[PDB]
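Below, in structure tokens: the form solved without the named molecule, a single chain.
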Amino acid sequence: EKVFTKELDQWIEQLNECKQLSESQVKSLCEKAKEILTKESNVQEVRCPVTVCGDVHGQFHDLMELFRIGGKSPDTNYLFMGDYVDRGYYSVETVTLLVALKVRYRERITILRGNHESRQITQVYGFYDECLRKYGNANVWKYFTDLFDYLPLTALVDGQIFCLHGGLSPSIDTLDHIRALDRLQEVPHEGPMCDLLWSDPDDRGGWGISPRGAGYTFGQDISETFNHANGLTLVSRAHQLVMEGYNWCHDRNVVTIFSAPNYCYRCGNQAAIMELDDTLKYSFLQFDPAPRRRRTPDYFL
């Protein structure tokens, strides 16, 4: 029935003006999105024309800025690597808009799990407090994290590009393994899924304790071996912040894309996105943050 499609269109139109929905609306949206997300494999096949976008971290105005550069969400295929709930003053609107886009247009947009998309990380940061402020309870927070539990770990664009928010893992050796992992769980603190979302590329030439709490760091040789074994030509990631917004590492065998300009409103990094056409010729579009223009007591409840 198209009545729910029209209601979703109305919801998306409302969210485009940074106006969050109600508790029941978001609950129904997450329940609908879970049905289509649980039907998606751990690694998802992606059509040739697609624009891959890195972390947005709930900067909603910068997300509208991103939509201006790439294009309208239905018109242009979009692929979001992850981390769209924390370090943002508009995280709720950003994540619910992304989820609404995913349910309304499953083919035109795919969202991928990030390290930040987990109860622990979301709570130690402002997303839980944001949900409490904007709804007065943890119901919406619970629905969102339950949905995040169903997000895919990785996506594959025409078998030649590998899209994963974090990095390659020592336990993981081939894509077949990633398909095996059970992703319907909160990020394991240590394990293949953890490293898949927490790892970083570096020039130390080998697996090494990551400066971050969890995961390891993969050397150029590891990336080259992974591409040669899996026949991949390029791996796209977004976990590491890059001041440039796009970064070529490991002899162009890995690319780090950050789509959150002025990260934490303090970094002042210029963001960038990746666009893949029919010939999968990759091109990077860089953009800057969208122009911007007594509080209630914290014990008021």
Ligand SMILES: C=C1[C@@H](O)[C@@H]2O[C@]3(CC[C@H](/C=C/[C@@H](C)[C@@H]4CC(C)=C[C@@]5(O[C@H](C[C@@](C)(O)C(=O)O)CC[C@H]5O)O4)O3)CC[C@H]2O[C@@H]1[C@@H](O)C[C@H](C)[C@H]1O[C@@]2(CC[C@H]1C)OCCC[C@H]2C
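Start at 1 and count along the sequence shown; that's the residue number. If you superpose the two forms and keep the largest set of C-alpha atoms that fall within 1.5 Å, you have the rigid core.
- Annotation: of the segments 61-69 and 240-248, 240-248 departs further from this form in 4 other deposited structures of this protein (C-alpha atoms, root mean square over structures and residues, core superposition).
- Choosing between 261-269 and 48-56, the greater Cα displacement from the shown form in 4 other deposited structures of this protein, fitted by the core, goes with 261-269.
- Note: missing coordinates for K19 occur in none of the other compared entries bracketing this position, so the one-third threshold is not reached.
- Note: missing coordinates for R293 occur in a third or more of the other compared entries bracketing this position.
Only in words, not in the display: the form solved in complex with the named molecule, which the text now covers.
- The site on the displayed chain is open: the named molecule, placed by C-alpha superposition from its pose in the entry with it bound, has no atom within 2.4 Å of a backbone or C-beta atom.
- This chain appears without its partner; in the entry with it bound, the one residue of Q120, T174, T225, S171 with a heavy atom within 4.5 Å of the named molecule is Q120.
- Proximity to the named molecule in the entry with it bound, taken as a non-hydrogen atom within 4.5 angstroms, holds for one residue of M64, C48, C264, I36, which is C264.
- The stretch in contact with the named molecule in the entry with it bound, judged by heavy atoms within 4.5 Å, is 212-220, chosen from 212-220, 175-183, 73-81, 128-136.
- Although the partner is absent here, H189 sits close enough that one of its heavy atoms falls within 4.5 Å of the named molecule in the entry with it bound.
- Mapping the unseen interface onto this chain, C249 falls outside it, with no heavy atom inside 4.5 Å of the named molecule in the entry with it bound.
- Although the partner is absent here, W198 is a contact residue: one of its heavy atoms lies within 4.5 angstroms of the named molecule in the entry with it bound.
- Of the heavy atoms in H116, some are within 4.5 Å of the named molecule in the entry with it bound.
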